[PDB]
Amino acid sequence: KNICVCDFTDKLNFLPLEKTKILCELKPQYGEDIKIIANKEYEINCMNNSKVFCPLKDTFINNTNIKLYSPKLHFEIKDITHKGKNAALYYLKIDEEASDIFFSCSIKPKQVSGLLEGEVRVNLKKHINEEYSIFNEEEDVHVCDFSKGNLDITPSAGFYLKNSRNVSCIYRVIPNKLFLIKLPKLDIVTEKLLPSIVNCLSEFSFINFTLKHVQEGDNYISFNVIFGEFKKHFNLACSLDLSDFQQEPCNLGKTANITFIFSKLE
């Protein structure tokens, strides 16, 4: 894994004329880990004492542990020697299945009358919001997976603005093949999202589909649909909306959009 580093060592060692903030912004993506380093004598509030964004309440929670909002994150805080100084190391490891979170860390030297602060901003969120369906050769099925990965609609603490909670999967319909929509393991999925896909697919009478099974796995619910043969071209968009689905204390879901392309061209 690659590592993103914010090293403040021997850079918060002056008395400024006016209030000064030295800022390190991190946008960790490809499973990257994070190291924050600063002199031991600095006052540091980080990871187990961070400022975390709370999408549900649209505010920031101060002096809190990031594990309360992204439970699969794990970090260690050690004293190390670095650049010839006694320093503190904040080492956060981000596994592939860790959920989104937006938090900040503060680093304040003493005896500067509070005029100088270091700040780390860690914004962990998805950056691919559109994919094509993926063929599972072992199961002989095309899958749109909204239960994990890039198109996950599970409620999370990710910093998303109100108009940016859409994720999209495109399925080029193959006649007589089973198609799977994987969704989070939540009661709301069968209560409301399943009516949503049924009303979407049945709205146009000329669309041939068969709902085969509503299946509950170990960590997802799947809608299993077979589309029959067709002749004419058609594009059908369905929305499975959890962008307003709340989950205490801070989580909000996303909107899963599925685009069915019916085409005998190309």
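A residue's number is simply how far along the shown sequence it sits, counting from 1.
Undergrad: Test of understanding: from the entry's C-alpha B-factors, which stretch has the higher mean, 105-113 or 128-136?
TA: Looking at the record's C-alpha B-factors, the answer is 105-113.
Undergrad: Out of 217-225 and 36-44, which one has CA B-factors that are higher on average in the deposited record?
TA: So the stretch with the higher mean C-alpha B-factor is 36-44.
Undergrad: Going by the CA temperature factor in the entry, name the top one among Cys169, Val120, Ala98, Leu183.
TA: If I rank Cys169, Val120, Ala98, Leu183 by C-alpha B-factor, first place goes to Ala98.
Undergrad: Of the choices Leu240, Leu201, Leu56, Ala237, which one's C-alpha carries the largest B-factor in the record?
TA: Max CA B-factor in the entry, restricted to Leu240, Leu201, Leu56, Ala237: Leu56.
Undergrad: Comparing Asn65 with the other modelled residues of its chain, is its CA B-factor in the lowest, middle or highest third?
TA: For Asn65, the deposited C-alpha B-factor lands in the highest third.
Undergrad: Quick one: classify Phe146 as lowest, middle or highest third of the chain based on its Cα B-factor.
TA: Lowest third.
Undergrad: Comparing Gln29 with the other modelled residues of its chain, is its CA B-factor in the lowest, middle or highest third?
TA: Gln29: CA B-factor falls in the highest third of its chain.
Undergrad: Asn86: which third of its chain by C-alpha temperature factor?
TA: According to the entry, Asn86 has a C-alpha B-factor in the chain's highest third.
Undergrad: By the record's CA B-factor, is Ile174 among the lowest, middle or highest third of residues in the chain?
TA: It belongs to the lowest third of the chain when residues are ordered by C-alpha B-factor.
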